[PDB]
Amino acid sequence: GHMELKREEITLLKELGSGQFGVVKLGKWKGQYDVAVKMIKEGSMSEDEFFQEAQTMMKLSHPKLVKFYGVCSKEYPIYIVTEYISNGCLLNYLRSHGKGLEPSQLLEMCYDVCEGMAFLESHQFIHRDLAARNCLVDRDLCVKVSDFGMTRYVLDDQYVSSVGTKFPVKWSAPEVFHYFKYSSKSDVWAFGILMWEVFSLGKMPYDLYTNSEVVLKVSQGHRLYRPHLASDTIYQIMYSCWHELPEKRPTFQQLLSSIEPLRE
């Protein structure tokens, strides 16, 4: 229906990079709009998994989530057409341009992600890999969360199996790495790690340690230290995301309103 786009109305231009689940190309849609098109190869992911994903992305429209326009699914490679977010990946942006940012700009990046995540949370979805590598930066430095192939339906205070794509353990809550289960607060833990990445200008978390070491250290109570550019108030907010128990972590709704008075 409205989800299907006219393939002849998409012209692909240069490769932008890769992520997911697929190479991403810059494109033009209807000879007017700049788009980023993800290529879904035949066999790369399931046919029926694709429909559920495309529908979920279409449903979840928010200014802080990558805008989905439609798909070209009649032939392979399947196109996933989205808005082109000109400054690309947040992680690369922090690494290349982070020194030029004010701490108030770093907080605004965290606020943007939180606002998009509060929207997902209000719809009973979690993000399975909330990290700077899955966020994009637009021309005005507004941050958008990329959620394709990385969401999971979970009712509040309930647990669901972690079975599927194994995402980086340094962004994983203990219920994930220990019990192979997601809670409605598993992405809140990841969001605290994302705030740490932002305020650290894209440094790797626990950079001295292997994944095996991190699982042990985190189980023992060890946490990431305060990034130099983070105020103690901002550190207390990220730190609150890392309670061993999901019940003790804030929701994104609480995080959002905690960040709101600290802006500019």
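Note that residue numbering begins at 1 and tracks the sequence as displayed.
- Higher mean CA temperature factor between 173 to 181 and 117 to 125: 173 to 181, per the PDB entry.
- Taking the PDB entry as given, 69 to 77 carries the higher mean Cα B factor of the two stretches 69 to 77 and 85 to 93.
- The PDB entry assigns the greatest CA B-factor among 239, 50, 29, 196 to 50.
- Per the PDB entry, 45 shows the highest C-alpha temperature factor of the residues 201, 45, 214, 230.
- Residue 254: CA B factor in the lowest third of modelled residues in this chain (values from the PDB entry).
- In this PDB entry, residue 146 carries a Cα temperature factor that places it within the lowest third of its chain's modelled residues.
- Among the modelled residues of the chain, residue 134 sits in the lowest third by CA temperature factor in this PDB entry.
- For residue 107, the recorded CA temperature factor ranks within the lowest third of the chain's modelled residues.
- In this PDB entry, residue 160 carries a Cα temperature factor that places it within the highest third of its chain's modelled residues.
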